[PDB]
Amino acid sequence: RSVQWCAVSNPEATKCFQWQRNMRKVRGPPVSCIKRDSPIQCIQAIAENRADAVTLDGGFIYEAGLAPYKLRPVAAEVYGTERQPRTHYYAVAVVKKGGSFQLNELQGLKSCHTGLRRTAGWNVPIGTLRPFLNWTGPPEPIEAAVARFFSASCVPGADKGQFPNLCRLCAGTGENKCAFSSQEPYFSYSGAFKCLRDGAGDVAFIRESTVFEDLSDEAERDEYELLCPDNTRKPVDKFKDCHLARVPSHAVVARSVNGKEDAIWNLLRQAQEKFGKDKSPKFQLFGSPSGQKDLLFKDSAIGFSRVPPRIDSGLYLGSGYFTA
């Protein structure tokens, strides 16, 4: 048999093939590759059996856990260090040092988000900012409220059609502008951070580690700072004390009925021992070629953690809390 993996892009498919070929050479548990174009296509594919697994950000574990998919998280990615490992991360608001505006004075500013309906880039900041959005609930789409709040933004995935302001700072070329893919350079964590660094925006909504990952030199990282919820600004290393929310890690999702939770688990368990962190000069399960990022799994992940059975998206996600 084979656990069929779901890729949301060619480079992700490319890496999937290499993964398959290395599991073979090593005589390990088999993996196969399906190529889709988005988290949704993969969510359906799995639901309808053309695939078994895909790693998802919390806002998508949310959407999958719903009918008609009823998908369930199976393994969580692990962050941190081997020494201090964790299966959650911090949604922060990163800004340029020098400014004076606080979390509560963002009206009319320009923003950079990881992507529409993602945790750190959308769901968390938007729920936080809500008391200032003056949003006249349904039927009125939140994006409509958001577009009138920030002057211009980069929200990979937003409907440029009805919300051009949300795609305004985006850097993609042509039809790719504001695409929820890597064809849009300001997509995801690293791209949301680049949008801040390029000075397209004033605030980037990302996770804690991005600045450390994207900036090796400690000097440069001193140019940045974070917006805390008590309306203060703190240095970058202070995320523990200054964050908008604490969130469960991205997780591998599978069917709730005949998902193959066990095959998936053994494949991940062995791939991690064989090609995990610092294990093989030939293949890195957590590592992307230059130009790409977070292909299949997060690049800085150190491993996986199995999620106990029958545990639904609901309880998985219920782990998190909005800055209290």
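Residue indices: 1-based, along the sequence shown.
Enquirer: Using the B-factors recorded in the PDB entry, average over the C-alpha atoms of 10-18 and of 311-319, then report which stretch comes out higher.
Expert: Looking at the record's C-alpha B-factors, the answer is 311-319.
Enquirer: Of 116-124 and 71-79, which one has the bigger average CA B-factor?
Expert: On average, C-alpha B-factors are higher across 71-79.
Enquirer: By the CA temperature factor listed in this entry, which of these ranks top: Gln272, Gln284, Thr55, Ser256?
Expert: Result of the comparison over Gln272, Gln284, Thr55, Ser256: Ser256.
Enquirer: At the C-alpha atoms, which of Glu184, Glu208, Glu143, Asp217 reaches the highest B-factor in this entry?
Expert: Max CA B-factor in the entry, restricted to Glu184, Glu208, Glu143, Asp217: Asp217.
Enquirer: Thinking about Cα B factors across the chain, which third does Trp135 belong to?
Expert: Highest third of the chain for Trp135's C-alpha B-factor.
Enquirer: Of the three thirds of its chain by CA temperature factor, lowest, middle or highest, which one includes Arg27?
Expert: Bottom third by C-alpha B-factor.
Enquirer: When the modelled residues of the chain are sorted by Cα temperature factor, does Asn231 land in the lowest, middle or highest third?
Expert: Its C-alpha B-factor belongs to the highest third of this chain's values.
Enquirer: Should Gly172 be placed in the lowest, middle or highest third of its chain by the C-alpha B factor in the entry?
Expert: As the PDB entry reports it, the C-alpha B-factor of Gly172 lands in the lowest third of its chain.
Enquirer: Of the three thirds of its chain by CA temperature factor, lowest, middle or highest, which one includes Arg221?
Expert: Highest third of the chain for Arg221's C-alpha B-factor.
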